[PDB]
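Asks: Attaching a single structure in structure tokens format; questions to follow.
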Amino acid sequence: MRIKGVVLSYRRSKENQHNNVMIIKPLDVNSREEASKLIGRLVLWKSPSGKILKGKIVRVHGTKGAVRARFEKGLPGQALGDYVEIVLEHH
């Protein structure tokens with residue numbers, strides 16, 4: 001299963017762990033429960049660089065089902081409105 005989402009916003013990782021954060025609103029996930037069972041799942045975002053960065057849903061945002069994912073590559077984008085695919089990893 002891959003869930004389709006819209007990156008509402010990005011956050012520049014100023015931390016030691018340079019993992020580019022994003023406020024994703026999954027079109028299928030509009031409940032807190034459906035979002036909370038996605039903690040750890042692998043999000044595939046398409047960077048403007050023409051690369052598919054892999055990320056991890058670290059925590060959800062409210063009851064809206066909007067998930068917040070940190071991407072290992074930590075590469076910028078500012079592609080506000082771009083689409084992701086949340087791979088139901090389940091480790």
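Starting from 1 in every chain, residues are counted up; chains themselves are A, B, ... following the order of the structure tokens, and ligands are numbered from 1 as listed.
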Pull the helix (DSSP H, G or I) assignments for chain A out of DSSP run on the backbone, and list those residues as a PyMOL selection string.
Replies: chain A and resi 32-36
Asks: Need to verify the contact set: residue 7 of chain A, 7 Å, only C-alpha atoms, exclusion of same-chain residues closer than 4 positions in sequence. Can you return it as a list in words?
Replies: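 The filter keeps residues 22, 23, 24, 25, 80, 81, 82 and 83 of chain A.
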Asks: Check the DSSP output for the backbone and give back, as a ChimeraX atom specification, the residues of chain A in strand (DSSP E).
Replies: /A:2-11,20-26,42-46,52-61,66-71,83-87
Asks: List the neighbours of residue 59 of chain A out to 12 Å using only C-alpha atoms; skip same-chain residues closer than 3 positions along the sequence, and give me the result as a ChimeraX atom specification.
Replies: /A:21-24,32,35-41,56,62-63,65-70
Asks: Write out, as a compact mmCIF listing (two decimals), in the first residue's frame, the residues just selected, with C-alpha atoms.
Replies:
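Just written: again_3.txt:
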# COMPACT_ATOMS: atom_id res chain seq x y z
CA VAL A 21 11.01 17.92 7.63
CA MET A 22 7.64 18.39 5.89
CA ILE A 23 4.00 18.88 6.89
CA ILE A 24 2.29 16.24 4.67
CA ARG A 32 -5.52 10.90 13.94
CA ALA A 35 -2.05 8.78 10.91
CA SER A 36 -0.78 7.35 14.26
CA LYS A 37 -0.50 3.80 12.78
CA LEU A 38 1.80 5.35 10.08
CA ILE A 39 4.55 6.30 12.65
CA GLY A 40 7.73 4.70 11.21
CA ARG A 41 6.38 4.27 7.64
CA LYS A 56 10.08 8.52 8.11
CA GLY A 62 -3.41 17.03 15.23
CA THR A 63 -6.54 15.04 14.24
CA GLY A 65 -4.29 13.05 9.76
CA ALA A 66 -1.50 15.34 8.52
CA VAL A 67 1.81 13.46 9.10
CA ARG A 68 5.28 15.02 9.69
CA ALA A 69 8.16 13.15 7.97
CA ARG A 70 11.96 13.65 8.30
Asks: Write out as a list in words the residues lying within 6 Å of residue 86 of chain A, counting only C-alpha atoms and excluding same-chain residues fewer than 6 positions away.
Replies: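 Final neighbour list, sorted by chain and number: residues 2, 3, 42 and 43 of chain A.
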Asks: Could you state the separation of atom CA of residue 10 of chain A and atom CA of residue 30 of chain A in Å, given to one decimal place?
Replies: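 Straight-line distance from atom CA of residue 10 of chain A to atom CA of residue 30 of chain A works out to 19.4 Å.
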Asks: For a test of reading the model, state the distance in Å between atom CA of residue 72 of chain A and atom CA of residue 19 of chain A, rounded to one decimal.
Replies: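 Spanning atom CA of residue 72 of chain A to atom CA of residue 19 of chain A is a straight-line distance of 5.1 Å.
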Asks: Neighbours of residue 16 of chain A within 12 Å (only C-alpha atoms; same-chain residues fewer than 4 positions away dropped), as JSON, numbers by chain?
Replies: {"A": [12, 20, 74]}
Asks: Can you pull out every residue within 6 Å of residue 84 of chain A, counting only C-alpha atoms, but drop anything in the same chain fewer than 3 positions away, and send it as a list in words?
Replies: residues 4, 5, 44 and 45 of chain A
Asks: Write the residues you've just listed into a file as a PDB file, in the first residue's frame, and include N, CA and C atoms for each of them.
Replies:
ATOM      1  N   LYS A   4      -1.272   8.551  -0.958  1.00  0.00           N
ATOM      2  CA  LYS A   4      -0.954   9.783  -1.696  1.00  0.00           C
ATOM      3  C   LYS A   4      -1.203  10.998  -0.788  1.00  0.00           C
ATOM      4  N   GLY A   5      -0.207  11.896  -0.697  1.00  0.00           N
ATOM      5  CA  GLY A   5      -0.286  13.079   0.167  1.00  0.00           C
ATOM      6  C   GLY A   5       0.223  14.339  -0.507  1.00  0.00           C
ATOM      7  N   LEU A  44       8.067   8.488   0.325  1.00  0.00           N
ATOM      8  CA  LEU A  44       8.859   8.731  -0.876  1.00  0.00           C
ATOM      9  C   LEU A  44       8.412  10.061  -1.499  1.00  0.00           C
ATOM     10  N   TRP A  45       9.202  11.124  -1.267  1.00  0.00           N
ATOM     11  CA  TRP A  45       8.966  12.445  -1.876  1.00  0.00           C
ATOM     12  C   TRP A  45       9.896  12.638  -3.068  1.00  0.00           C
TER      13      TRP A  45
END
